[PDB]
């Protein structure tokens, strides 16, 4: 139940409803070495559809690896424009040390239909880069 439409301070409209997951989630491109046995599942604004092991929390980001599943953050905030670059933040996932896992997707306006890619693990935060045409200002 999160709005996928945001207007930045400068007045640029962003519309991410085209990335919303109605039936199946997004699958993250991961060419890391730690990505051999791990799959990241992602959704924009909407919670993930049923994925075994991360049900119950309106999970927006699920790591599935070797049978086990981890909740990497729930959908609460809308995509944040805050200079013109888009970001969405899922936090308060499964326990990660003294904190909880979180997921950040950084969007970049690119004239292509892109898929989110795993970029970085910053402690308990999983960082994703999404270069795609939907990250561009709407009319």
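Positions refer to the first chain, counted from 1.
Undergrad: Does the deposited sequence hold unmodelled residues between residue 80 and residue 81, and if so, how many: none, 1 to 3, 4 to 9, or 10 or more?
TA: Missing in between: 1 to 3 residues.
Undergrad: Regarding 69-77 and 54-62, which shows the higher C-alpha temperature factor on average in the entry?
TA: Mean C-alpha B-factor is greater for 54-62.
Undergrad: If you average the CA temperature factors as listed in the entry, which stretch comes out higher, 43-51 or 30-38?
TA: According to the PDB entry, the answer is 30-38.
Undergrad: In the PDB entry, which of 117, 10, 19, 120 has its C-alpha at the highest B-factor?
TA: The record points to 10.
Undergrad: Quick one: which of 87, 113, 103, 98 shows the highest Cα temperature factor in the PDB entry?
TA: Highest C-alpha B-factor among the listed options: 98.
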